[PDB]
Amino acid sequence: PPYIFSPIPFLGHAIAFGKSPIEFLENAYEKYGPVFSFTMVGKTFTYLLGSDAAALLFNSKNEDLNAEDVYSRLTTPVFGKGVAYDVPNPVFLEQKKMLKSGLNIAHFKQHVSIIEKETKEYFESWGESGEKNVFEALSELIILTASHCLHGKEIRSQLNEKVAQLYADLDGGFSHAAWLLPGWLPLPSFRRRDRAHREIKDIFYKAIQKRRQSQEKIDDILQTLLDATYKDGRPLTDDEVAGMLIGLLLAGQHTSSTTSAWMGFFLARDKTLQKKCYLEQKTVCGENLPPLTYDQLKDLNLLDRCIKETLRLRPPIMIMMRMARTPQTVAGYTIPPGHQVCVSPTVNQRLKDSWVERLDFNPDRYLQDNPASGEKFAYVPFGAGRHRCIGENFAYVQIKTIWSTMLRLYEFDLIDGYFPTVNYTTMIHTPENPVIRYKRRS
């Protein structure tokens, strides 16, 4: 595959790529095509851009394009041993079926009123009007809603600011330092990550032992997990459950919070589209805006397309990476073992040749013919194939319910017309200076 030369030793394209990766990759697509390699910080990466190329990653077996080889070093200290990329993929495929089994309609029905209430109670602190950081706000809110829904009421009631900070300490295990440096260096963020892991695990161990002795029946996701079994017939251990609960919260929080914050700003920019979203609430749920229900959520189809469009333009997982263990073919090229193969939903979901008015925020594009339905891997915010997301439905419930409630409470505006740029320096591309103006809804 074509190789993009850089005269800068070791660093290669690091600076330019870090500054503007989408522009870097779109320029390369124009110049070298859908498949190309480059060096950055001592590693070779090979990209697959566009649906046809990306299909290799999305279709391939883990034995060929391996996820653990790239992610385990970073994730295993955060999520825990015996879970995710710390086990053989077939074990993780079973754990994912266990998790999926609890993300069902019965539970989603319960989650809606829990989330709505959590949201209304959080935003009382915003008062009738002002200008505040909506990203910080959603982050704090989403850690509460995710915990309430995915861990349950017992665990959620223990999530004070201390435990919230522990989760922030775990997050800090995902850094440039952790990627670049050996783990045996006693860096503060490493020690803080390991401390938080031990302390959260302990919180979960007690809660789990409590639940196991309890005589009561509780139909929640925790209970799905205590009841689950492998094809073996073997149940999950306390440590496996706890590892899974940590994963559920990290997965549940940052992908929803960034996406909810970008959509706030897309809707703040497009005031008519926001108005429409608010009017859809009256139409579907009634003029008197009663408590939200799951059945009503399915009927919020404009808000649905708005979320869908937010994920097109700002997918919170911007990249999917694998390690090539065996030789792989695409577009006539042969990628050898050792290349790290990458896909970028951001680049694919915005490619000129497939998306008309690619840079425009337009939810209604999905009511016409479009690459989301017309192609296989042009729209891939939740991935596809063996490593694909199991949380799309929950995420949509969480975000829909939060933004429905937020729309009912407030009208949102840009400050001096400013639309946030993308902060590329964070692992997750958050909107820069994400302060939003708000005032009471009519």
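Take the two forms, find the largest set of C-alpha atoms that superpose within 1.5 Å, and that set is the rigid core. Heads up: residue numbers just count along the shown sequence, starting at 1.
Between 66-74 and 26-34, the larger root mean square Cα shift in 5 other deposited structures of this protein, once each structure is superposed on the rigid core, falls on 66-74. Comparing 249-257 with 175-183 by root mean square Cα distance to the shown form in 5 other deposited structures of this protein, with the rigid core used for the fit, gives 175-183 as the more displaced stretch. For the pair 24-32 and 389-397, the mean B factor over Cα atoms is greater in 24-32. Looking at 365-373 and 177-185 together, the entry lists the larger mean B-factor for 365-373, computed on C-alpha atoms. When the C-alpha B-factors of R322, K153, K96, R73 are ranked from the entry, the top spot goes to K153. Note on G243, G264, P77, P336: the highest value goes to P336, judged by CA B factor as recorded.
Per-chain ranking of the deposited C-alpha B factor places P345 in the middle third. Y230: CA B factor in the lowest third of modelled residues in this chain (values from the PDB entry).
Placement of the Cα temperature factor of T421 within the chain: middle third of the modelled residues, per the deposited record. For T258, the recorded CA temperature factor ranks within the lowest third of the chain's modelled residues. In the deposited entry, the Cα temperature factor of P9 places it in the highest third of its chain's modelled residues.
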